[PDB]
Amino acid sequence: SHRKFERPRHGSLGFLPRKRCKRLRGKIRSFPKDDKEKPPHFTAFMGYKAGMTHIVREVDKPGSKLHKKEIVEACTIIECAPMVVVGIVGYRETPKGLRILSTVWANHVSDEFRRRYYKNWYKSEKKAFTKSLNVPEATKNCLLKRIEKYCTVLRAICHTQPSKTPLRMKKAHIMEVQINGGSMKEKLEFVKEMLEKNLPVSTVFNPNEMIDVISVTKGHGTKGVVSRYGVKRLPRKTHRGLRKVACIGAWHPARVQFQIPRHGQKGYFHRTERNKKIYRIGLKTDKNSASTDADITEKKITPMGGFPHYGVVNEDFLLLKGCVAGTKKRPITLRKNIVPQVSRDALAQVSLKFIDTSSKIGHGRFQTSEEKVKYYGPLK
Amino acid sequence: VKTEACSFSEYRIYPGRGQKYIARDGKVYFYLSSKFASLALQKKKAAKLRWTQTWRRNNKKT
Amino acid sequence: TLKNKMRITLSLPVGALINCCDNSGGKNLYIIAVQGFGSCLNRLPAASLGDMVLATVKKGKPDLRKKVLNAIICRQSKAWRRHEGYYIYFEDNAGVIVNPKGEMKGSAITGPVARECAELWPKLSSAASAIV
RNA sequence: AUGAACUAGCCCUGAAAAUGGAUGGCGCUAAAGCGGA
RNA sequence: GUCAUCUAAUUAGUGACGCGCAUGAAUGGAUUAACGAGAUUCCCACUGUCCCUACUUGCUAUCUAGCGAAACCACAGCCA
RNA sequence: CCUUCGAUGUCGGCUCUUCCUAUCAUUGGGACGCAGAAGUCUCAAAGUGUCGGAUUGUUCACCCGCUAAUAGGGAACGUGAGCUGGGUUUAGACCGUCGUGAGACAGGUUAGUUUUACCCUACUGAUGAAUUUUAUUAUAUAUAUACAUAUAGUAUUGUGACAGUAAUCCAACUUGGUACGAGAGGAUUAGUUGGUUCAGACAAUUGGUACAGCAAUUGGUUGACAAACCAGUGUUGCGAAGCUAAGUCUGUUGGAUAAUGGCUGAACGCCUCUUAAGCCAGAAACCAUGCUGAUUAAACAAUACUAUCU
Ligand SMILES: [Mg+2]
Ligand SMILES: [Mg+2]
Ligand SMILES: [Mg+2]
Ligand SMILES: [Mg+2]
Ligand SMILES: [Mg+2]
Ligand SMILES: [Mg+2]
Ligand SMILES: [Mg+2]
Ligand SMILES: [Mg+2]
Ligand SMILES: [Mg+2]
Ligand SMILES: [Mg+2]
Ligand SMILES: [Mg+2]
Ligand SMILES: [Mg+2]
Ligand SMILES: [Mg+2]
Ligand SMILES: [Mg+2]
Ligand SMILES: [Mg+2]
Ligand SMILES: [Mg+2]
Ligand SMILES: [Mg+2]
Ligand SMILES: [Mg+2]
Ligand SMILES: [Mg+2]
Ligand SMILES: [Mg+2]
Ligand SMILES: [Mg+2]
Ligand SMILES: [Mg+2]
Ligand SMILES: [Mg+2]
Ligand SMILES: [Mg+2]
Ligand SMILES: [Mg+2]
């Protein structure tokens with residue numbers, strides 16, 4: 001017979017095989033659609049998560065209750081040291097999917113790029129990328145002409161620089177960045193100019209832009225149905241315990257269906273989130289990178305006492321409104337929107353009035369470490 | 001940046017920190033931390049505790 | 001009159017007993033329903049400090065008793081967040097008796113009234129003493 | 001060389017139920033369907 | 001069952017009515033202060049029973065060295 | 001009266017999933033005894049919803065409310081090695097009617113034991129080799145080639161067949177006291193600002209949590225002070241880091257259609273949306289896009305090094 005009272009289903013069947021992910025790195029599944037009328041440009045980047053803080057901002061929404069008020073909002077900070085471009089790969093379309101012609105490498109590569117090919121670098125002869133860099137440039141140019149003639153998609157291989165962070169890891173992370181823009185020849189020309197240089201993050205994105213985020217959530221281990229799916233909790237009189245689902249199914253479909261919630265692993269899942277807005281792109285050549293027009297105190301982004309569980313931020317960074325999946329030190333991938341948005345919030349530009357840099361250990365009370373010594377006077 | 005006092009131990013309160021309590025009459029009180037709010041709501045006096053700015057003003061310790 | 005009322009934390013479920021805050025003759029109020037509440041299986045209807053509710057009077061002058069009436073919440077004891085960046089809480093929970101159109105049956109409020117509640121109802125703002 | 005009525009073959013409407021399904025299956029229309037030789 | 005009362009709302013509780021399927025006098029009738037690990041209704045205080053769940057301690061479960069059973073069993077074990 | 005009496009656990013509720021359409025609301029339409037407003041009859045359509053309580057053991061009923069709406073059903077009358085045990089349905093006991101009596105009653109009442117998973121399979125997560133009667137959507141210098149090519153080891157970056165899939169409804173103000181109407185009344189669309197129910201994450205702030213830590217204290221015991229200890233965490237206050245909600249952030253647009261309304265145009269010199277041939281617009285429905293997996297394809301590609309040896 002029918003269930004007595006209706007209620008919507010508990011979980012979401014769209015994230016269903018709740019298993020651990022294959023990797024730390026967030027992978028882009030699809031790229032934005034190539035508009036061949038724009039000039040060639042990059043589409044993605046990668047950095048590391050540092051921590052959170054809050055700011056004060058004025059509102060410009062006519063008709064809202066908050067139309068002329070300063071309000072507080074929470075933001076996340078991502079460290080964005082520059083990447084290095086080291087290779088070119090070209091794809092072509094076949095009825096079995098995209099297919100590779102060849103890969104072309106730069107003339108020199110670094111040791112943190114080479115460490116990524118070794119389980120244990122300290123006990124090796126270090127012979128990776130030693131014979132294939134002496135290739136004559138004539139062969140490389142012939143291969144590039146073939147790529148120009150037969151291909152349809154370019155991507156660029158780039159890697160990060162963990163030595164400029166407080167990380168313990170030394171292997172660099174490697175990823176491919178698709179390049180949209182003009183014709184195939186223009187794309188190839190655009191790429192070749194960068195085969196051994198750095199990408200600053202400010203080249204790829206703009207202030208007040210809207211961006212998508214890809215990363216891996218925090219891990220928790222084995223968790224019960226009550227915590228994993230949020231089912232009801234069961235009366236205190238129950239004999240074998242109360243933290244479970246009472247009925248697994250009707251008699252006669254004589255099996256358990258895949259829609260029933262069960263125990264198992266929770267956390268460490270792969271996610272893609274949309275519409276995170278950029279509030280400030282700070283640099284490392286700037287001494288007052290956390291000061292505003294309305295607060296001329298000279299300041300950097302790092303709170304008093306270090307970012308808890310991370311360290312100090314002394315490269316250029318992004319400031320994002322809201323929250324991002326992952327722990328501290330988790331690598332974050334940054335993609336452009338699939339198609340650009342023209343809404344009232346996607347175009348509006350933001351002016352900041354205050355950024356908080358008080359301590360996040362305990363309950364902070366001062367904005368700089370000089371205020372602390374100025375308040376107390378001499379000690380013992 | 002504008003800021004105002006704690007009304008229990010007059011430290012300066014920066015934006016995004018505080019906590020307010022409206023009494024039986026329309027008096028407004030503004031603390032910054034949980035410790036001060038708990039102490040004030042237990043009806044303890046700031047002049048009876050050694051570390052507050054009120055105690056060491058009454059003892060000429062500044 | 002605009003009805004925007006950015007969200008406020010709800011803590012006053014059905015079955016609560018609160019003060020009456022005005023000069024109409026009643027001494028308390030007993031919430032039995034909340035306007036605008038939808039459907040969710042085991043969830044109790046609950047109200048915050050700007051909503052209109054249905055209540056009875058458990059003590060007060062006899063002609064106000066044994067009936068269903070309308071009321072509006074003016075103070076609440078559970079803390080809630082203001083967008084300027086702090087948190088607020090009163091000591092007690094209070095409300096006033098009104099018409100289904102929001103017009104008072106008494107003629108004066110006793111204590112302080114919330115600034116969010118007065119923005120939605122003009123008669124209550126007119127009849128208040130101190131708005132906080 | 002136009003109107004009306006009637007009659008009977010194939011086709012169509014009447015024709016709504018619970019796990020996903022049954023001219024035995026694929027499929028079949030110059031039949032691999034229905035009535036004959 | 002009808003009337004009143006208790007609630008916002010009463011197949012429940014109490015007070016009355018009586019042509020009572022089929023009430024009634026040591027088969028004891030009608031009451032009744034005190035007493036009861038006896039059967040029911042309402043109020044005050046109280047609370048994780050609940051809204052709606054979260055965080056924590058011991059002892060298990062877990063993986064190791066050692067030791068070491070039983071029920072059951074035609075043959076066996078994916079579906080429409 | 002076909003199966004089960006060397007036994008298929010017998011009412012209801014709670015929890016949880018999936019299916020049906022004989023459509024209550026939400027989406028587009030046709031008709032009216034259709035001015036507007038509010039309704040009634042009806043078409044495609046199951047994508048998304050279908051509640052809080054008082055009395056009763058109840059299924060069923062009947063009132064108080066909110067709502068957009070508070071539709072109807074199935075799965076051994078879904079669901080007891082999931083619970084619970086109020087009812088019925090052993091043994092005690094009371095009342096009424098019946099019986100000479102022992103006793104009966106589908107008439108009331110009160111008290112009355114709910115056992116076992118370590119096996120197979122299903123489902124949820126976790127390790128993992130072996131794949132030449134094997135495979136191929138090219139390679140090489142306009143030419144040739146299946147009469148061809150393909151070894152293994154350790155790593156990185158990728159392709160993506162196939163399977164799963166996600167958002168939903170409402171209010172206020174403007175349009176505008178307007179079109180319509182004698183008056184009383186009185187909206188369709190579009191815009192702006194918020195909210196409900198869902199889903200996926202997060203901890204800057206607020207709250208919760210204590211066997212990091214610091215402080216206070218009762219009984220007892222080391223001669224006193226100091227320093228400590230026991231009372232299975234003796235009791236009390238604050239309580240960082242971490243976890244966490246009641247706190248914070250985020251939740252697309254294309255192709256081809258069904259209903260209906262139309263185009264050109266015979267049959268039938270007029271006519272006709274086709275009840276012939278040939279076309280158009282068009283829905284919360286369908287297929288993609290986007291997202292999760294991909295020892296779901298015993299599946300594959302490019303690259304970098306190395307193999308007393310092709
Ligand atoms: Mg029990
Ligand atoms: Mg902190
Ligand atoms: Mg002080
Ligand atoms: Mg319930
Ligand atoms: Mg045949
Ligand atoms: Mg009686
Ligand atoms: Mg006698
Ligand atoms: Mg007798
Ligand atoms: Mg053990
Ligand atoms: Mg079968
Ligand atoms: Mg048998
Ligand atoms: Mg059985
Ligand atoms: Mg049995
Ligand atoms: Mg019918
Ligand atoms: Mg319509
Ligand atoms: Mg309609
Ligand atoms: Mg049954
Ligand atoms: Mg049946
Ligand atoms: Mg049992
Ligand atoms: Mg049962
Ligand atoms: Mg069972
Ligand atoms: Mg019983
Ligand atoms: Mg008995
Ligand atoms: Mg705290
Ligand atoms: Mg904490």
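Below, each value reflects all heavy atoms present in this structure, side chains not excepted, and no hydrogens, waters or symmetry copies. Chain naming here is simple, since letters A, B, ... match the order of the sequence lines and numbering starts at 1 in each.
More than 90° away from 0 lies the glycosidic angle of F:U221, which makes this nucleotide anti. Taking 90° from 0 as the syn/anti boundary, the base of F:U70 is oriented syn. Glycosidic torsion of F:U90 falls outside 90° of 0, placing the base in anti.
Under 4.0 angstrom from either OP1 or OP2 of F:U15 there lies at least one side-chain N or O belonging to C:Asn42. Phosphate contact (OP1/OP2 of E:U7, side-chain N/O of C:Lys66, threshold under 4.0 Å): present.
Taking for each of A:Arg255 and A:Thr94 the nucleotide of RNA chain F with the nearest heavy atom, the 5'-most of the two is the partner of A:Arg255. Two residues, A:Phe258 and C:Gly36, neighbour RNA chain F, and the one matched to the more 5' nucleotide by heavy-atom proximity is C:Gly36.
Side-chain contact, A:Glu112 with A:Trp121: no donor N or O sits under 3.5 Å from an acceptor N or O. Donor-acceptor pairing under 3.5 Å is lacking for the side chains of A:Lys266 and A:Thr222.
In this strand, E:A30 stacks on its neighbour E:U31, with six-membered ring centres under 5.5 Å apart and planes inclined by less than 30°. Under the 5.5 Å centre and 30° plane thresholds, D:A15 does not stack on its strand neighbour D:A16. Under a stacking criterion requiring six-membered ring centres under 5.5 Å apart and planes under 30°, the adjacent bases F:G282 and F:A283 are classed as not stacked. Base stacking between F:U178 and F:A179 is absent, since the six-membered rings fail either the under 5.5 Å centre distance or the under 30° plane angle. Adjacent in the strand, F:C5 and F:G6 do not form a stacked pair, their six-membered rings missing the 5.5 Å centre or the 30 degree orientation threshold.
Taken together, F:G181 and F:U18 do not constitute a Watson-Crick or G-U wobble pair, since the relevant N/O distances do not both lie under 3.5 Å. Taken together, F:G49 and F:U221 do not constitute a Watson-Crick or G-U wobble pair, since the relevant N/O distances do not both lie under 3.5 Å. Nucleotides F:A22 and F:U133 fail the base-pair criterion, which asks for a Watson-Crick or G-U wobble arrangement whose two donor-acceptor distances both fall under 3.5 Å. Entry note: F:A299 and F:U159 meet the pairing test, Watson-Crick or G-U wobble at under 3.5 angstrom for both distances. In this structure F:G242 is paired with F:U209, meeting the Watson-Crick or G-U wobble definition at both distances under 3.5 Å. Nucleotide F:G176 is annotated as unpaired relative to F:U193 [Watson-Crick or G-U wobble, both distances under 3.5 Å]. Entry note: F:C273 and F:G200 fail the pairing test, Watson-Crick or G-U wobble at under 3.5 angstrom for both distances. Here F:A146 is not matched with F:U137 as a Watson-Crick or G-U wobble partner, both contacts being required under 3.5 Å. Remark: the bases of E:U56 and E:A34 do not meet in a Watson-Crick or G-U wobble pair with both edge contacts under 3.5 Å. Taken together, F:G237 and F:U100 do not constitute a Watson-Crick or G-U wobble pair, since the relevant N/O distances do not both lie under 3.5 Å.
Sugar pucker of F:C273: north, as indicated by a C1'-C2'-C3'-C4' torsion of positive sign.
Residue-level contact check: A:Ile260 touches the backbone only, with heavy atoms under 4.0 Å from sugar-phosphate atoms and none from bases.
Between A:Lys170 and A:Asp111, none of the side-chain N atoms (NZ, or NE/NH1/NH2) sits under 4.0 Å from a carboxylate O, so this pair counts as no salt bridge. Salt-bridge annotation for A:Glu70 and A:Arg57: absent, with no side-chain N of the basic residue lying under 4.0 Å from a carboxylate O of the acidic one.
Taking 4.5 Å as the limit, some side-chain heavy atom of A:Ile78 sits within range of a side-chain heavy atom of A:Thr76.
One P atom belongs to F:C105, the other to E:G13, and the distance between them is 28 Å to the nearest Å. Only the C1' atoms considered, F:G242 is 41 Å distant from F:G160, to the nearest whole Å. Separating the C1' atom of F:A281 from that of F:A301 is a span of 48 Å, rounded to the nearest Å.
Using modelled atom types, no side-chain atom of A:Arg335 and backbone atom of A:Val213 make a donor-acceptor pair closer than 3.5 Å.
Taking the ring centroids of B:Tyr31 and B:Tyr21, they lie at or beyond the 6.0 Å cut-off.
Side chain B:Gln42 to base F:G237: no donor-acceptor pair is found below 3.5 Å.
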